[PDB]
Each structure stands twice: as C-alpha cells, then as structure tokens.
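In: Sequence, then the experimental structure. Questions to follow.
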Protein chains: 2
Amino acid sequence: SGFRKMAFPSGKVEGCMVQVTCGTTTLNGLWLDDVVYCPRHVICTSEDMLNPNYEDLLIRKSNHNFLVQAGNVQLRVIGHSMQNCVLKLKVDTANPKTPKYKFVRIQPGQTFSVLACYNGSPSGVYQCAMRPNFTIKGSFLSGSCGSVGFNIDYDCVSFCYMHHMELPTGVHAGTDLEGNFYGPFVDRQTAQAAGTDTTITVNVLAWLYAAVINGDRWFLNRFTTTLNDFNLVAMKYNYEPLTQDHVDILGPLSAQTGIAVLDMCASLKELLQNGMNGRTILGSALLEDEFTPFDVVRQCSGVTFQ
Amino acid sequence: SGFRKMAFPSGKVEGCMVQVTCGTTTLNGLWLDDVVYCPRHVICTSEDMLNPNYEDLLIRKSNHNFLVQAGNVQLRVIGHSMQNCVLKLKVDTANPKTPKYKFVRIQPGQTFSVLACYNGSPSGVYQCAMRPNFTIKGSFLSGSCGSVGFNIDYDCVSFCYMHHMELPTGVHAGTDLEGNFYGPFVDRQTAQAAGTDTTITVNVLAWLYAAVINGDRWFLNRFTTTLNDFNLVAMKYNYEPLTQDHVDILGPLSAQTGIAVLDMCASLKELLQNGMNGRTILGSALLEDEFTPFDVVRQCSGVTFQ
Ligand SMILES: *C(=N)[C@H](C[C@@H]1CCNC1=O)NC(=O)[C@@H]1[C@@H]2[C@H](CN1C(=O)[C@@H](NC(=O)C(F)(F)F)C(C)(C)C)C2(C)C
Ligand SMILES: *C(=N)[C@H](C[C@@H]1CCNC1=O)NC(=O)[C@@H]1[C@@H]2[C@H](CN1C(=O)[C@@H](NC(=O)C(F)(F)F)C(C)(C)C)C2(C)C
C-alpha cells in the first residue's frame, strides 16, 4: 500500500557525472563512454550572455581550454564539437561506470527523475514531469546546469533532459541529450516567459485510478460522459485536452478497477466542480498530475483493495 | 529557485542490496563488509508468522538454508545470528562496494530516504519522515521487506530503517539496523494498528521558511505570539508541542529570511484557525511536515555528497 512521488535509483547516473570548467564558468557534465556532454553556455562570459555567437566563441577554444574533472582525476579532452545547444567533449578515457543507455526525447506529460548536481557532485534526486508548456518544476540553483533527467528500464538509463536555465516564474528549461530545447526557449539571457501552464489530464485520471486501486472510491459518481463533453468542461479549468490515445493508455487501469475511462472522466468532471470538501486523495488536497499511467501500474498493486 | 521533495543519491546503497531466500520466503538484504542484515521473519513460513518462536525456528536452520544472491553471484553463508528483529548472515566475501557507514537510530519528525527494493534489486527512491506514531507513510508491495532507510553525511551513509511490515491503515513499520522496532510493534501476523498520528510542527514552520525563501509570502502576518499561546493552539489541531530546541534549530532559517520564529508561529496559528482561503503554498493545499529545518537549508543552499 501507499503512494509516493518515487524517483529512479540514481546510482547509474551518479557514475557518469563530471565537472566541466571553461574560463571562470563551471557546470556539470555527463560522461558516457569517451564523450562528455554539457550545456554549450559553459563557453560564455558575462558580456556574451545576451546574444552569444556560439560558433565564434567555440572557434577560439582549444581542447586544453576545457578542464574536465571526474572526482579528483582530471580527464584529458582530445576533441570538442557542438551539436545544437550541447557541447560534446571527446576525452581520452572511456568511463568504466558507463551504464547501458539511450537518448530519448520525451513528450509533455512524460515523467522522469532529476539528479541535481553541483561541481559534478550529486545533491539529491527527485521526480519531475514535462509540463504541457515544455518546462519542468525543478529545484535548481547556480552551478546546476548540465544536471540530467532520466528514466531506467531494467538496466538501461534513458536520458531525456539536460538543465540549461531558470525562467522568471521560477520554472526550468533544458534540452534533450542531442541539444534541442523543449519548447520555444533559447540559451540566451534575453527576456523569455513560459506560456500559461495546463494540468496533465491523462495523469490526473491515472492518479484517481491509483486511489481506487489503494481502496478509495468516495469521489466516484453514477455518471458517464462523452469524450467531447469532458473536454469542453476540462478546458474551462485549464486542463489538457484528453485524446483517444490517452483513453487507450488508461485501458489497463480501467480493466484492473472495473471503472470505464469515461466513467472516471465523469468523476474528475465532478471533482473540478465540487473541490475536495475537506477530504484528500492519496494524502493530497489537490489533483496530482505528475504520475503517468505507467508510473501508477509500476508503483501500484496488480490486485486492488476493493 | 524551486522546492522539491528530494531524496539522497541512492548509488552508495544500490551497491549494498542483495536477495535473501529462506525456504519459500524471499526478501531484500543489506550486504556490508562480510555480513548480510535482513528481517528475521525470512526464516518464517506463511503459517509460522501467526505466533513465531524465532529462537526455535533459527536453531533448526543451517547456513546452506540461506540462499543469498548479489546480482548473479551466490554468496556462501559461514555463520548466522539474530540481533533483536534482524538476522545477521556471515558471508565469505566482504562487499567491495561497501561505503563508509554507521547504524543510526532516528527520532520521530526526522527524515530519511528509502531505497524500495524487490528480489534484492532497487526499484525506486523516495524521501520519508518518521511519524510521531513511529510509522512511515511509505510505498511498499509484497517482497519489499529488508528495504532500508538512510541519510548521507558528506560521504558517510547513516542507516536508520529496515522495512518489516504494513499496517491495516496502509502505513509502514520497521526497525533500526540493530533490529529494534520503531513504535509499539512486533514482527508477527497479529492484529496491530497505528496510533493516532500528529503533525510535526517544527517541520511545517521550516517548510514555511522554504516557501518564503522561494518567494511565496501571502500567509505572513504582522502579529507575534509567545511559545505557550502557540502550543495551546497547536495541541487543539493535534500538532506536536514546539520546544525551545525547535525555535533554536529554526535560528539559521529565521535570520536568513529576517522572519522571527514566533512571528512564523503566528502565521501558522492563522493557517490552522482560518485554513488557506483557496490558496496554495509551494503548490500544496496542505501544510507539509516531511521537510526538516536541515532539509530546507540543504536543498536551498545547494550541496554535494561523494
Ligand atoms: C546553470 N548553471 C544555471 C542554472 C540557473 C541559475 C538559477 N537557477 C537555474 O536553474 N543557468 C544559467 O545561469 C542560465 C544561463 C544564462 C542565464 N541563465 C538563466 O537561467 C537566467 N534566466 C534567463 O536567462 C531566462 F530568463 F531567459 F530564462 C537566470 C536569470 C540566471 C535565472 C544562460 C546562458 C541562459
Ligand atoms: C515484506 N516483504 C512485507 C511487506 C508488506 C507486504 C504488503 N505491504 C508491505 O509493506 N511484510 C510482510 O509481509 C509482513 C510480515 C508478516 C505480515 N506482514 C504484513 O505486513 C501484514 N501486516 C501485519 O501483520 C500487521 F497488520 F499486523 F501489521 C500484512 C497483512 C501482509 C499487510 C510479518 C511477519 C509481520
């Protein structure tokens, strides 16, 4: 029983983390085989921050301008190249702690664990979701850049996020491990704002199923709804549109509970109208949207309380 | 900026988790030096757990009766003994991945990270608080027993919890690593209930300081109170007494924010009496009590461990 915002065990990612210094700028690197991946803005100065020409900044760099440190051991850079918004540093040593890995670009609503690091050293691990507006609600301070988001499937670490910047609203923006930003953001200190955020409807429905699996049913009602009527109401509370794809993905959780997806949709529709009335669901007074259908099936029972 | 429920990096513990099998029962073990620590009820059959005599059950067991599996290698047991509610299995090999560590017994309201494991394999990591009623609000299915709770002190892991059982309210009970239960519980399949819990007042105030640091301020007030008037209100809402210790411990947060402890106690008093008036604090509609003063200072000032 119980339900937690559970993170993946971080050990496979800790083993990859390095410190990268260019001039006075220090941030975190990801060391996989004989390549260190980091945010390209490690090569920026204070004057460069607004309108950096990265190609012009990089061309003035030698390999020995990059100081890469794995623990107290200095790695030796034998090559550098830029791919979109990531710097790729070729080093003379393959990381002996390299896990089975792959680079995946995730879609809004997808979750992952973040290993917040400073000076290539881990500070903590927490669970995040890619917001519909392509931000994450992270916990990042100075020196956290190059921190990475990941999932783990058996022994394989799928890297999906590298941290670049904080937006005015206190929310975070970053790239996949191929250096392409999520959302319309750019690695410049020019004025940028996150678009108005929405609630991840497919995830709230999953979390309500988790509540039923763990034996809570108070929020259920005797109603159903059409997919369209649900979306017309849901959009009025700043909820993501629920697609047929989302309904298909909730199929397994429907079967385990015996509650049709659109029956669960009628329950959510009621909760948005009524609030909580001093009650909680899985120890929350808000509808939680940072658990995916996969997260629920992973953490929850094959059986239900019932 | 940003504030997240953050676990310690789990890598140092991932390297210590093994699978322990006795007859048909399988659960998780902690492999440190040449000793494997696990719940003593691994020697029990499903029907022995009714009224187990662990003294009697163990004296009938031999070393080869304990199948201990680290990854793909079977370890050989050269001795077995009980300490309170934990079984200690002497093995042929000192764990080469053994971190610097100690066994620590924690107080209610103190937090730790739990590495959830199944068949000696880490599944997930989350942050917990020792409840005042000596339970944890964990997330545990069948086979999670022997999963451990820990804190990291620079490079030293302090082991504080071993998972033993789930109460009918869906909360969790276990021991320190010396096999002494937290709370009035016994490792028997007999009727047992969690005592009425209470809120950890020092943690809520600490969390309000984190909210202030991260720019959420609407709940502050011009009033002050005395400790004694606050505790009169606190106990009315089943909040823990706030001692002078607590006020001294929130010292480093009070000066750094410029908000006096008893002024923040005045803000808390108002939140309990009035509720939150449709508003949230760090994206929560409840008062969070699972962040310690130390936790807030540590996340908000960055950090590293080795
Ligand atoms: C990496 N070490 C930091 C991480 C930041 C610092 C505070 N919290 C974080 O997540 N990243 C940066 O310093 C990036 C970096 C220059 C400035 N920057 C920012 O995050 C800034 N924000 C923006 O420029 C904005 F608004 F456009 F997003 C800052 C004002 C410092 C928060 C570059 C090259 C984008
Ligand atoms: C260890 N692998 C499990 C973990 C449990 C299983 C369900 N969720 C968990 O957290 N521990 C147990 O199976 C322990 C074990 C016998 C019974 N038990 C329980 O957790 C049971 N509860 C109680 O005995 C109670 F209520 F008294 F606390 C159960 C009914 C299976 C939930 C022993 C020896 C205590």
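Out: Perfect, I can see it now. Residues are numbered from 1 along each chain as shown, chains lettered A, B, ... in the order given. Ligands and ions are numbered 1, 2, ... in the order given.

In: what does the stretch 101-250 of chain A put close to chain B?
Out: Residues of the stretch 101-250 of chain A lying near chain B by C-beta under 8 Å from any C-beta of the partner chain: A:115-119, A:121-126, A:128, A:137-144, A:166, A:170-172, A:214-215. C-beta here means a position set from N, CA and C on the backbone, and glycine is covered the same way.

In: 7 Å instead?
Out: Neighbours of chain B within the stretch 101-250 of chain A, by C-beta under 7 Å from any C-beta of the partner chain: A:115, A:118-119, A:121-126, A:137-141, A:143, A:166, A:170, A:172, A:214.

In: Ligand 1 next: which of those residues are close?
Out: A:140, A:141, A:143, A:166, A:172 (C-beta under 6 Å from any ligand atom).

In: So which of these is the closest to residue B:262?
Out: residue A:141 (29.2 Å; C-beta to C-beta).

In: Now do the SS call for that closest one.
Out: coil (DSSP: H, G, I helix; E, B strand; the rest coil).

In: In the ones next to ligand 1 among the residues of the stretch 101-250 of chain A next to chain B, find the pair that's most separated.
Out: Maximum distance among these (C-beta to C-beta): 14.2 Å, for A:143 and A:172.

In: Looking at those two, which has the bigger crowd around it?
Out: Neighbour totals were compared for residue A:143 and residue A:172, and residue A:172 leads with 26 against 20 (other C-beta atoms under 10 Å in any protein chain shown).

In: which residues of the stretch 101-250 of chain A fall in helices?
Out: Ranges of helices within the stretch 101-250 of chain A are A:201-213, A:227-234, A:244-249, based on DSSP state H, counting those that start in this stretch.

In: Stretch A:2-15 close to chain B?
Out: Yes - counting by C-beta under 7 Å from any C-beta, chain B has neighbours in stretch A:2-15: A:2, A:3, A:4, A:5, A:6, A:7, A:8, A:9, A:10, A:11, A:14, A:15.

In: Once you drop chain neighbours, what's closest to the first one?
Out: The shortest distance from residue A:2 to any residue other than its chain neighbours is 4.1 Å, reached at residue B:139 (C-beta to C-beta, 6 or more residues apart in numbering or on different chains).

In: ok, that neighbour - how many residues close by?
Out: Other residues close to residue B:139 by other C-beta under 10 Å number 24.

In: Using the centroid of chain A, identify the residue furthest from it.
Out: residue A:222 (36.0 Å; C-alpha atoms, centre = their mean).

In: what about stretch A:274-293, how long is it end to end?
Out: End-to-end distance of stretch A:274-293 (C-alpha to C-alpha, to the nearest Å): 24 Å.

In: In it, which of the residues would be classed as buried?
Out: A:281, A:282, A:285, A:286, A:287, A:288, A:289, A:290, A:291, A:292, A:293 (16 or more other C-beta atoms under 10 Å in any protein chain shown).

In: which one is the second one nearest to, not counting chain neighbours?
Out: Spatial nearest neighbour of residue A:282, chain neighbours left out: residue A:3 (4.5 Å); criterion: C-beta to C-beta, 6+ apart.

In: burial count for the one you found?
Out: 24.

In: and chain A, which residues reach ligand 1?
Out: So chain A meets ligand 1 at A:27, A:41, A:44, A:49, A:140-145, A:165-168, A:172, A:187, A:189, A:192 (C-beta under 6 Å from any ligand atom).

In: State the distance from the nearest residue to residue A:269 once chain neighbours are set aside to ligand 1.
Out: The shortest distance from residue A:269 to any non-neighbouring residue, by C-beta to C-beta, 6+ apart, is to residue A:233 (5.2 Å). Distance, residue A:233 to ligand 1, by C-beta to the nearest ligand atom, to the nearest Å: 34 Å.

In: repeat for residue A:126
Out: 14 Å.

In: ok, that residue - contacts?
Out: Residue A:126 makes contacts with A:7, A:114, A:139, B:4, B:5, B:6, B:7, as judged by C-beta atoms under 7 Å, 6 or more residues apart in numbering or on different chains.

In: I'd like to know how far residue A:253 sits from residue A:293.
Out: 6 Å (C-beta to C-beta, to the nearest Å).

In: Now do the shared contacts for the two.
Out: Between them, residue A:253 and residue A:293 share these contacting residues under C-beta under 7 Å, 6+ apart: residue A:206.

In: number of nearby residues for whatever residue of the stretch 51-200 of chain A ends up closest to ligand 2?
Out: Residue of the stretch 51-200 of chain A nearest ligand 2, by C-beta to the nearest ligand atom: residue A:127 (20.4 Å). Residues near residue A:127, counting by other C-beta under 10 Å, number 24.

In: Would you mind putting the helices of the stretch 101-250 of chain A into JSON lines with mean neighbour count and distance to residue B:238 alongside?
Out: Below are the helices of the stretch 101-250 of chain A laid out as JSON lines (neighbours: other C-beta atoms under 10 Å in any protein chain shown; distance: least, C-beta to C-beta, whole Å):
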{"stretch": "helix A:201-213", "mean neighbour count": "24", "distance to residue B:238": "24"}
{"stretch": "helix A:227-234", "mean neighbour count": "16", "distance to residue B:238": "36"}
{"stretch": "helix A:244-249", "mean neighbour count": "14", "distance to residue B:238": "40"}
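
In: Tell me who's in contact with the residue of chain A found nearest ligand 2.
Out: With C-beta to the nearest ligand atom, the shortest gap between chain A and ligand 2 falls at residue A:1, namely 6.0 Å. If you count contacts by C-beta under 7 Å, 6+ apart, residue A:1 has them with A:214, B:166, B:170.

In: again, but for residue A:163
Out: With C-beta under 7 Å, 6+ apart, residue A:163 has these contacts: A:138, A:140, A:144, A:145, A:146, A:147, A:172, A:174.

In: Going by distance to residue B:61, which of those residues wins?
Out: Once C-beta to C-beta is applied, the member of the contacts of residue A:163 that ends up nearest residue B:61 is residue A:147, at 47.3 Å.

In: so what's the closest residue to the closest one other than its chain neighbours bridging to?
Out: Spatially, and ignoring its direct neighbours in sequence, residue A:147 is nearest to residue A:163 (4.3 Å; C-beta to C-beta, 6+ apart). When assigned by DSSP bridges, residue A:163 has beta-bridge partners residue A:174.
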